[PDB]
Amino acid sequence: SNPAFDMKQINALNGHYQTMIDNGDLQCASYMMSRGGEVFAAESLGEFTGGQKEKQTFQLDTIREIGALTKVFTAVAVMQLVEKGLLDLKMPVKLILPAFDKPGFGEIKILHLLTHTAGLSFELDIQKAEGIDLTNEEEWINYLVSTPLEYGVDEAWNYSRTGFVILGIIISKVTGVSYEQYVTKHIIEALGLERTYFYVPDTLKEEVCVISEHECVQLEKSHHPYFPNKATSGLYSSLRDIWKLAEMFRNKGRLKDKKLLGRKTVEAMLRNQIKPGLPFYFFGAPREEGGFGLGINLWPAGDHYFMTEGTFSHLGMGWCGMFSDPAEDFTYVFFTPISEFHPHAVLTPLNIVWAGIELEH
Ligand SMILES: CC(=O)NCCSC(=O)CCC(=O)O
């Protein structure tokens with residue numbers, strides 16, 4: 001075995017996905033895994049439909065929205081601006097966005113937004129914004145700072161989509177271009193992603209995986225339905241492109257001749273940035289404590305999980321995910337389109353994949 005992987009776990013992995021597709025849980029599924037930067041196993045299963053067209057075959061290069069995985073693109077963009085000297089992680093947000101110059105918001109720093117410790121709630125409610133344009137940058141900011149904060153800074157890890165929308169606004173301010181234009185040129189094109197778009201062109205729109213009508217409606221829209229940018233969600237991508245992003249991190253910023261970050265910067269992003277003893281919250285409910293870097297998740301890893309300590313990851317509704325084990329030079333990315341979450345459908349295959357890892361040779 002050149003990649004040193006027990007290929008019977010591939011059969012167990014395919015059968016696990018194929019069982020849920022035959023039971024009606026999943027419509028389709030796809031994955032891709034690599035050892036030492038070389039993909040040795042990749043499969044696509046099932047069919048998809050948005051409820052109108054007939055069923056199309058799910059493919060390995062099928063484009064699909066990655067949801068919260070867009071946050072990793074935003075994190076790279078922020079850390080690039082730090083490498084250039086235009087941003088600092090300890091910068092108070094009120095320095096760039098003077099609307100934050102008020103009690104509570106005045107102590108929110110860029111480090112707090114990257115690590116979900118800025119005290120912001122999960123999201124802004126849109127029913128109270130009647131009369132104001134939620135997708136306007138100037139309007140959305142004033143409505144945010146007119147809403148009370150959940151906690152003060154450094155009080156708890158609270159996953160917030162609002163936090164990364166602000167980062168996309170800060171990126172737009174210090175660069176002179178929009179967040180979408182910056183990420184497209186300095187990340188998407190600089191890394192060589194061939195099937196990654198903030199907005200899918202018309203000629204490729206028929207090859208986008210959609211499992212609901214509201215996914216097809218959003219497919220033809222030119223802006224996020226209620227955010228001034230797409231820094232928290234809204235990126236369409238493929239398995240190979242998500243695999244390239246994970247491999248860029250495992251190689252500490254390089255993908256052969258493509259360089260996105262410095263070696264020392266990625267080492268900072270993969271370090272635990274949360275104060276000890278802080279409580280964790282995801283969607284109001286408590287969560288199990290875990291490491292978290294500069295926009296990168298260091299949990300789950302170790303403990304009862306098979307993933308080695310130091311494995312970094314990030315999930316996204318869809319569902320989707322990328323998992324990279326630096327100790328094993330191993331990477332696993334997957335697409336599991338489903339309208340909600342279920343760990344048996346999303347996180348159980350992690351036990352199957354890592355149980356096949358043999359000693360690298
Ligand atoms: C940090 C953690 O535990 N889960 C984050 C991935 S869940 C997701 O997709 C949130 C919805 C979104 O912002 O698109």
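Starting from 1, each residue takes its place in the sequence as its number.
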Distance-only, no hydrogens or angles: does the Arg35 side chain make a donor-acceptor pair with backbone N or O of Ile357 under 3.5 Å?
-> no
- Message: Please determine whether a side-chain nitrogen of the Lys or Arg among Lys244 and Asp241 lies less than 4.0 Å from a carboxylate oxygen of the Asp or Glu.
- Response: no
### Message
Could you walk me through whether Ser324 and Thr331 satisfy the side-chain hydrogen bond (donor to acceptor under 3.5 Å, both in side chains) test, starting with their C-alpha distance in whole Å, then the side-chain angles of each, then the deciding distance to 0.1 Å, before giving a yes or no?
### Response
CA-CA 4 Å; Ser324 192; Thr331 296; 3.1 Å; yes
**Q.** Residue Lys84 excluded, over 12 heavy atoms near NZ under 6.0 Å
**A.** yes
Taking the six-membered ring for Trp, are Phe283 and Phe122 ring centroids under 6.0 Å apart?
yes
Side-chain (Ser44) to main-chain (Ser30) donor-acceptor, under 3.5 angstrom = no
Taking the six-membered ring for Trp, are the ring centroids of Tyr179 and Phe198 within less than 6.0 Å of each other?
yes
query: For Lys221, does the NZ atom have more than 12 heavy-atom neighbours from other residues, nucleotides or ligands under 6.0 Å away?
result: yes
- Message: Would you say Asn297 and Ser313 are linked by a side-chain donor-acceptor pair, where the criterion is simply a distance under 3.5 Å?
- Response: no
Legend entry - Check: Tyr159 ring centroid to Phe282 ring centroid under 6.0 Å: yes
Within the side chain of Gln27, is there an N or O that forms a donor-acceptor pair under 3.5 Å with the backbone of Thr49? yes
* Between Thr311 and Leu298, does a side-chain contact (heavy atoms from CB on, under 4.5 Å) hold up when you go through it step by step? -> CA-CA 6 Å; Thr311 291; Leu298 312 177; over 6 Å; no
> Are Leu149 and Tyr151 connected in the hydrophobic side-chain network, where two residues link if heavy atoms are under 4.5 Å apart?
Replying inline: no
Can you see whether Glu180 engages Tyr199 through a side-chain donor-acceptor pair at a distance of less than 3.5 angstrom?
no
| request: Keeping the roles fixed (side chain from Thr175, backbone from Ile171), state whether a donor-acceptor pair exists under 3.5 Å. | output: yes
**Asked** Distance-only, no hydrogens or angles: does the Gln9 side chain make a donor-acceptor pair with backbone N or O of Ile352 under 3.5 Å?
**Response** yes
Query - Residues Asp154 and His112: side-chain donor-acceptor under 3.5 angstrom - result: yes
Taking every heavy atom of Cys216 against every heavy atom of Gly50, the minimum-distance pair comes out as SG-CA, 4.2 Å
Contacts of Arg271 meeting side-chain contact (heavy atoms from CB on, under 4.5 Å) (sequence neighbours excluded), chain-then-number -> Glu267, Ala268, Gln273
Original post:
Is any side-chain heavy atom of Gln80 closer than 4.5 Å to a side-chain heavy atom of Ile187?
Top reply: yes
Q: Verify the distance criterion only: is there a donor paired with an acceptor across the side chains of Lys71 and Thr232 at less than 3.5 Å?
A: yes
Shortest non-hydrogen pair, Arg250 vs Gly37, comes out as NH2-N, 3.2 Å
Check your understanding: If we ignore angles and hydrogens, is there a donor and acceptor under 3.5 Å between the side chains of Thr265 and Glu83?
Key -> yes
Worksheet item: Centroid-to-centroid, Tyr305 to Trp299, below 6.0 Å?
Response: yes
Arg240 and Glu194 ion-paired at < 4.0 Å:
no
Next item on the list: Step by step, work out the side-chain contact (heavy atoms from CB on, under 4.5 Å) result for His116 and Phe164.
Entry: CA-CA 9 Å; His116 297 282; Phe164 274 66; 3.4 Å; yes
>> Can you confirm whether or not the ring centre of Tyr31 sits under 6.0 Å from the ring centre of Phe334?
In response: no
* If you group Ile, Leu, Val, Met, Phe, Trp and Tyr by side-chain heavy-atom gaps below 4.5 Å, do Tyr143 and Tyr226 land in one group? -> yes
Worksheet item: Quick check: does any side chain N or O of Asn23 sit under 3.5 Å from a backbone N or O of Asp25, one acting as donor and the other as acceptor?
Response: no
Just say parallel, tilted or perpendicular for the rings of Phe341 and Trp319, cut-offs at 30° and 60°. perpendicular
Where does the angle between the aromatic ring planes of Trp157 and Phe280 fall among parallel (under 30°), tilted (30 to 60°) and perpendicular (over 60°)? parallel
Same apolar cluster (I L V M F W Y, side chains within < 4.5 Å links), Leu89/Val72 = yes
Check: Stepwise, does the side-chain hydrogen bond (donor to acceptor under 3.5 Å, both in side chains) test hold for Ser34 with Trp243?
Finding: CA-CA 9 Å; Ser34 63; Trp243 178 80; 2.8 Å; yes
### Message
Check for me, please, whether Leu114 and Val266 land in the same ILVMFWY cluster - side-chain distances under 4.5 Å, paths through other members count.
### Response
yes
- Message: Under a 4.0 Å threshold between the charged nitrogen and the carboxylate oxygen, would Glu207 count as salt-bridged to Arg64?
- Response: no
*NE2/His16: more than 12 non-hydrogen atoms of other groups inside 6.0 Å*: yes
Discussion item. Does the plane of the ring in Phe5 sit parallel, tilted or perpendicular to the ring in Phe40? Use 30° and 60° as the thresholds.
Written reply: tilted
Compute whether any side-chain donor of one residue and acceptor of the other, for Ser238 and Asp61, lie under 3.5 angstrom apart. no
Kindly determine whether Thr162 and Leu113 satisfy side-chain contact (heavy atoms from CB on, under 4.5 Å), including the steps that lead there.
CA-CA 9 Å; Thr162 307; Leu113 304 174; over 6 Å; no
